[PDB]
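The chain that follows stands alone, in the form deposited in one PDB entry, written as structure tokens.
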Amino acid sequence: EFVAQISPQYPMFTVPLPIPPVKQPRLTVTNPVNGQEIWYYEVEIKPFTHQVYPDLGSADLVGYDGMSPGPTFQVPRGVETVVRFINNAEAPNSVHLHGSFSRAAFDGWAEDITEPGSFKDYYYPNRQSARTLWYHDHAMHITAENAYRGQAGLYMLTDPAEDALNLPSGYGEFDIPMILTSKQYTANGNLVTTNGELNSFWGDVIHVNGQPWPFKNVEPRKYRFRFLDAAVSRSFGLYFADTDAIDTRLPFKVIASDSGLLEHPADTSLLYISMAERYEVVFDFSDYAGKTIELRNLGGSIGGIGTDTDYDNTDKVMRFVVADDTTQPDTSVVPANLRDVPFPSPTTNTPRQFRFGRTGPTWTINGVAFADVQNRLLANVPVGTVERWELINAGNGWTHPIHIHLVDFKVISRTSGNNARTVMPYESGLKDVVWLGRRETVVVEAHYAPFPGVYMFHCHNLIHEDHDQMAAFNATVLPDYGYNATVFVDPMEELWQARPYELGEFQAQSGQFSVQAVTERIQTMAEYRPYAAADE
């Protein structure tokens, strides 16, 4: 069963699915090292209001470029980017590009904050396999509220070599972002804050791309859906159902996970997806012409995998209204062979063990909280080592989607105390988040490479994360390793810290924001060659 909705009654499935706009670079800067162009962006973090409930008041948000989701980046492999994330808001931020093997000082270390009235330049490599990344806040102990209030957006890394696959295409056309969130609203339509919540903030209103229970008109053909669970605490068990047969799950194909394409499409009628996980789905509406297809969420706390509270309407995600015919023929396909997945060389070494539970009210990793500076560094791993980590949730009363920064990993095994599931077919490839459901233990395998530095790992339930379920590992190198490692291993390195800005120089695009100043700043950053070790 389920619990009565708390948020005001919403006009279900009446508002079109919005698509976040593509974020365009301001300019490009020539890299003196290799003559390549670096794309430079400016993102302004600022407050804004959004009228979510038509007949009530508005909600207070804070977002990248004053929208939520933030605008969508689209970057081809091989093009380095620099993003100046400008804090013109009211609380600190720390931006993490989730899915990117960024250097430690460009990775969103929780203490590596930018204050209101400052910005930080983030230098990204964009060398990894094509994948759906996302960028979001990571500031220590205020991550849940910063993300909740709007600081998360999509970042698509593209590969022209994947074009020949002829998958459904066109951002906002047949390649649709599906960013899920779960929130709660007050009686006059503002957001209920996550502040004060120490267990989980489930939310009773399901959003896609910032919009409660939307609809979309689709043609009877194939669409690529890029699912991201950007919720604070809600995990999903997604399925598609004709409204005439609301319990009957319709088949689809999963084609990609966190780190990129699967080797082969996974035939799927139920998609488990927890916080921070990305799955790309191809759904074929051609068998459902003139029907309405509802994207729904499995009840009973994601079919017994989770512990999430279910409400009146959290079994509903959005509705697809399928036309009777196409307007152009569908020439897209879903190849049986997608890519060769670059799995790490397998090891037989005993896995490191990490236990995710609670120590009193505080969510901990092996009994440690992230606030504990003395004890939070829980592993030293020489760069280039392949390690298995055993990620343990002994509890039946909570679940944890675990995220390890820097790496892509393979999911080796999952056990369940409730015998509920093992490794899912769509977990066949490479991932960077893995869901420890009720009484589940998962072993992952990862190459801790290619860059040395101190990095985070944590549960990505943002309430658990803030209080205080995060730890660090150090990917280590020897004194003679080179690659300017000495200025790239410490995430708090002063060279890369946030800088104060004057609002007027930003608006006037002068001073610190003149073409010359941005150019010289980026060329100087490029000279340190932060990502050279990936080009061996």
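Each residue number is its position in the shown sequence, starting from 1.
Form solved in complex with a small molecule: not shown, discussed below.
S.K.: With the partner left out here, check for me: in the deposited bound form, does some heavy atom of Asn396 sit within 4.5 Å of the small molecule?
M.R.: Although the small molecule is absent here, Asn396 would touch it in the deposited bound form, with heavy atoms inside 4.5 Å.
S.K.: In the deposited bound form, does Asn199 come within 4.5 Å of the small molecule, counting heavy atoms only?
M.R.: Taking the distances in the deposited bound form, the answer for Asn199 is yes, it comes within 4.5 Å of the small molecule.
S.K.: Determine whether any heavy atom of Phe370 comes within 4.5 Å of a heavy atom of the small molecule in the deposited bound form, and answer yes or no.
M.R.: No, no contact at 4.5 Å.
S.K.: Might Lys316 be said to contact the small molecule in the deposited bound form, defining contact as any heavy atom within 4.5 Å?
M.R.: Looking in the deposited bound form, residue contacts with the small molecule do not include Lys316, since no heavy atom lies within 4.5 Å.
S.K.: Considering the small molecule in the deposited bound form, find the one stretch among 85-93, 356-364, 332-340, 224-232 with heavy atoms no farther than 4.5 Å from it.
M.R.: Every other range fails; the passing one is 356-364.
S.K.: Just one of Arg77, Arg421, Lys253, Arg439 has a heavy atom within 4.5 Å of the small molecule in the deposited bound form. Which one?
M.R.: Filtering the options by heavy-atom distance leaves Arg439.
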